[PDB]
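A single chain, nothing else alongside it, follows as structure tokens in the form deposited without the ligand.
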């Protein structure tokens, strides 16, 4: 049994396990809800609304959720051949043209349909696959002419969704096939959007040309240090041979492969170490996609030994179905355990109060007021801590920004020189070469700024994370303190009392145990979309190009030689850039402030809600009863039994959920 099937096998197992949990959660929420919509005509509702939705929401996200693979890399690396081999057929056309390719999403569908999304406002055009393919394919002529120019072949085209009945995509896979590194940079819904919310990044490189300037630039800007799981596929491994002095020499070949392997290890090792642990061998794979495509084209089920694929697919398997899956499900059983315990505990307070009435009930409730005040006091003290942090952090990260932005004039030479456009003798005399250069100058500053600000963000992230980790710990304490008070409530109401962390529901959410913890990255990233960036890069830069052209005329370039012109460019550049440093550090620092502010404000808002929902629930649960006793008359025994049944029904669905999880983990442990 080959790795291709073993992956499809495992993947379907998880889908099954996912499917049952979803069915269990639906029956669970339905159970609670039915008990409730029969409650306020019986003994009164336990206030379990907050748990019904969390259950419902989670159930929906199980049936819909899917593993996302984001595929990145330059053109002419065999990215689409790699994907083709992965999926099983020659479906994507090969990425050899800088402006013909367009962002493609790929997912399961009964029939071969393609849904086109546009960028110039017009309605998402839907068309069948062969229809699509014939229209959006250009002839080898037109492609050259558009390429030798500027024009993206489909200006109106944002992104295409392709649905296909590929079996790999059936078992819960989605593939986002991005264009090259530049075109992706140019698109923030990619370089920040998918990069940050996808399960794994598939980075395609070619063996012949290890670690391009452009590749390590991308990796450093968008991947270095933000702890993502990226697989690196060194493609066209079998063509190391072209470069050889003597193509027929095995010793020269092994030498040449070994030092090639070294380059990859020098530049990538750092990307494959997670928490001190080196796992290079489970991330960096030497593939021969073409051989893999050829084989699978002749036989969908062929053995792929020798192509590199079996070892890569194993690791991808273990990551998705053993790590990202066990994680997804762990939280799901926690939610169940929460919903289930909140019911169990609620019925536990209700039962003993049934046979009481009603001045004794009112009396008991009054005896507990000092403590609801204590729960409130926790909400308010944690509230004040969260805000205090959103004020400390938003200030610190703003100054950190100013401080970075002002200190740019220092490491400028070393940093800029690797972007700076070359400028030989009579160039600045020809209006056309002066444009070609000017565009290149445009692109240089863009690249420079993008490198520098991406560098700084990586340093802010570190602080942001450090804060949320400490807020997670306070949530843990306040949670424990919250439980004290909460059992004192159950005691003062009844008389008698009753390794996986059980702090209260809200605390878990606040701790990030239920959902990479709390998703500030996306809060931050959605807020940056509703402003621009955008106006960060190309706009800021434009204020510099004019006055550098001015200055370059002032020292007579066009009559200077590449060496003379170089020297004078950097200096002109530096002098100009520092002329706008104060104004950028002023206007933009306040935008950072507000971003970091909405970050912790967002958290503060969800948390206060969840702590109040709990307090309000607990108050409602008691008050409902009071209203019952005053108004309705009930059969104490019927109700007792209806309420004991609830505990029974719910604890049952829980056991199914816990068994499904249990069985999966047990299958993995012995296999």
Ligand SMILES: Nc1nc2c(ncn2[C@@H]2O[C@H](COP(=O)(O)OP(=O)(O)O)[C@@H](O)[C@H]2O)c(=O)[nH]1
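Each form is matched to the other, and the largest set of C-alpha atoms that superpose within 1.5 Å is called the rigid core. Positions refer to the first chain, counted from 1.
Omitted from view is the form deposited with the ligand bound, to which the following refers.
The ligand in the deposited bound form is not approached by residue 490, whose heavy atoms all lie more than 4.5 angstroms from it. Within this chain, residue 79 lines the site of the ligand in the deposited bound form, having a heavy atom no more than 4.5 Å away. Among heavy atoms of residue 452, none comes within 4.5 Å of the ligand in the deposited bound form. Within 4.5 Å of any heavy atom of the ligand in the deposited bound form lies no heavy atom of residue 343. Proximity to the ligand in the deposited bound form, defined as a heavy atom within 4.5 Å, singles out one entry of 126, 442, 243, 484, which is 243.
Proximity to the ligand in the deposited bound form, defined as a heavy atom within 4.5 Å, singles out one entry of 390, 107, 364, 206, which is 206.
Residues of just one listed stretch (152-160, 67-75, 476-484, 332-340) have heavy atoms within 4.5 Å of the ligand in the deposited bound form: 67-75. Contact annotation for 216-242: residues with any non-hydrogen atom within 4.5 angstroms of the ligand in the deposited bound form are 235, 236, 238, 239, 242, listed in sequence order.
Core-based superposition between this form and the one not shown leaves all of 413, 470, 463, 282 but one with CA shifts under 2 Å; the exception is 413.
In a rigid-core overlay of the protein, residue 194 has its C-alpha displaced by under 2 Å between this form and the one not shown. In the core-superposed comparison between this form and the one not shown, the C-alpha atom of residue 363 has shifted by less than 2 angstroms.
Residue 131 shows a C-alpha shift of 2 Å or greater between this form and the one not shown [criterion: core-superposed Cα displacement of 2 Å].
Shown here is a form in which the CA atoms of residue 74 and residue 416 lie at least 3 Å closer together than they do in the deposited bound form. In the deposited bound form, the CA atoms of residue 273 and residue 415 move farther apart by at least 3 angstroms compared with the shown structure.
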